[PDB]
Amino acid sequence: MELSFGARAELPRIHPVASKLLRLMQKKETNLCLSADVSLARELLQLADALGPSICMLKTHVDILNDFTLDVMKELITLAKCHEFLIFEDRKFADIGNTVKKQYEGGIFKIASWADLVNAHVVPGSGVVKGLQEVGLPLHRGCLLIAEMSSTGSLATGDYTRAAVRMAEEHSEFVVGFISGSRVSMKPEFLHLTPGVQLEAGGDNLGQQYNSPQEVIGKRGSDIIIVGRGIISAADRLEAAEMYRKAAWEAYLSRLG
């Protein structure tokens, strides 16, 4: 018996960040996360403003933002609050717990001070989560664990995926879901976000592999599609975002029955 996003937002064990996300997904009829893989602050803010109404989440990539400052982040947060979407930073936390804590809080980027969500690879073992949560829990943040990857030759399969699920379900005070290609947890409190999404079949020239919104949401049971080039390379980015939103949303409704 599958629950709607709005009902999942109310589950007793839901994490506050997941609840906030699920409520705005339901309100706005969007389960699309825009991957904003851009080099300029002006492009990031322009896309966030123009596409904000169509998205539940914006995945930032601050490591490639040539003119990052914390003032840009302040402005991005203003747009996120106005249009109602969460900010998910791309950075791949993937080190021992002692140093990921410093990477999350510190440096020039101060990721924990503006990202609602971050993601981590599980390869270090659960210390990666324990280190992140020492920063994320005081800042009321959530984390996604990379349980599967979309690229050719991915090693995030089999027992590796199972380890990611166990690590999430044992750190539910901080971990709110997964980056995955499919549903991997049977617990409805966890979110599933799927990159490697385009309307048409294909890939890229460096190992990316694409599946459609209907396949990943409808057949594979994921919750949210993450789309970069399928939107940003389109002539009309607003229309492209709307096409992806409508595709992902219908696929969700049809699985819901």
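For every residue, the number given is its place in the sequence shown, counted from 1.
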property	result
Stretch exceeding the other in mean C-alpha B-factor - 69 to 77, 149 to 157	69 to 77
Selected stretch [higher average CA B-factor]: 185 to 193 or 37 to 45	37 to 45
Assigned third (lowest, middle, highest) for the C-alpha B factor of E105	lowest
Ranked against its chain, the third holding the CA B-factor of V216	middle
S180 by Cα B-factor - lowest, middle or highest third of the modelled chain	lowest
Chain third (lowest, middle, highest) by recorded CA B-factor, residue given as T99	middle
Chain third (lowest, middle, highest) by recorded CA B-factor, residue given as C82	highest
